[PDB]
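Visitor: Please see the structure below; I have some questions.
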Amino acid sequence: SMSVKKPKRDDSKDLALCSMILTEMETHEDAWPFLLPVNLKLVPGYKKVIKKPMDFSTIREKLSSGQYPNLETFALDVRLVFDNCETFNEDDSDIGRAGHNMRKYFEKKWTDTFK
């Protein structure tokens, strides 16, 4: 509350460390469905169904231009990429499996870097 604060967690390396995580997600062999925005002209149903499209290149641009206020808003966009994937793709598909694999890979790196 006013003039009553928990001890200050060092957040000075968060930007660099989110960048490293994102680099590792970008270079994973199963990243290919997620590297670029879904083409809304060429994929029937995507525009109407997925209210907030997100992909790795859009996260990279937001990160590089100071559009993440803190590490949690960064995690929320990464998770959105996988939530969107699950909304649109069957579990038993190459893309559906890719999204599950990448979500796992992310959540471990997130826990190990920050928890």
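Residues in the structure tokens are named by chain (A, B, ... in the order shown) and by number from 1 within that chain; ligands are numbered from 1 in the order shown.
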I'd like the contact shell of residue 22 (chain A) - 9 Å cut-off, only C-alpha atoms, skipping same-chain residues fewer than 6 positions apart - returned as an NGL selection string.
Guide: :A and (56 or 59-60 or 78 or 106)
Visitor: Using C-alpha atoms, can you write the selected residues to a file as a PDB file, in the first residue's frame?
Guide:
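The resulting out_21.pdb:
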ATOM      1  CA  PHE A  56       6.777 -14.905 -33.186  1.00  0.00           C
ATOM      2  CA  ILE A  59       6.300 -10.618 -30.614  1.00  0.00           C
ATOM      3  CA  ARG A  60       9.874  -9.884 -31.761  1.00  0.00           C
ATOM      4  CA  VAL A  78       3.617 -16.189 -26.311  1.00  0.00           C
ATOM      5  CA  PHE A 106       8.305 -22.440 -23.658  1.00  0.00           C
TER       6      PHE A 106
END
Visitor: Given only C-alpha atoms as the basis, pick out the residue of A:96, A:26, A:57, A:40 nearest to residue 83 (chain A).
Guide: A:96
Visitor: Which residue is closest to residue 94 (chain A)? Choose from A:63, A:20, A:25, A:31 and count only C-alpha atoms.
Guide: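 Among the listed residues, A:31 lies closest to residue 94 (chain A).
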Visitor: Which value, in Å to one decimal, gives the distance between CA of residue 29 (chain A) and CA of residue 101 (chain A)?
Guide: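 Between CA of residue 29 (chain A) and CA of residue 101 (chain A) the gap is 10.4 Å.
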Visitor: How far is it from CA of residue 70 (chain A) to CA of residue 33 (chain A), in Å with one decimal?
Guide: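 A separation of 26.1 Å between them.
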Visitor: List every residue of region 58-113 of chain A that has an atom at most 12 Å from any atom of region 41-47 of chain A, giving for each one its closest atom pair and the distance in Å to one decimal, counting only C-alpha atoms, sorted by chain and then by ascending residue number, as JSON lines.
Guide:
{"residue": "A:84", "atom": "CA", "partner": "A:46", "partner_atom": "CA", "distance": 9.7}
{"residue": "A:85", "atom": "CA", "partner": "A:46", "partner_atom": "CA", "distance": 10.6}
{"residue": "A:87", "atom": "CA", "partner": "A:46", "partner_atom": "CA", "distance": 10.1}
{"residue": "A:88", "atom": "CA", "partner": "A:46", "partner_atom": "CA", "distance": 7.8}
{"residue": "A:89", "atom": "CA", "partner": "A:46", "partner_atom": "CA", "distance": 10.8}
Visitor: Give me, please, the distance in Å between CA of residue 7 (chain A) and CA of residue 71 (chain A), quoted to one decimal.
Guide: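 Rounded to one decimal, the two atoms are 17.9 Å apart.
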Visitor: A:65, A:98, A:90, A:74: which is nearest residue 21 (chain A), counting only C-alpha atoms?
Guide: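 Selected residue with least distance to residue 21 (chain A): A:74.
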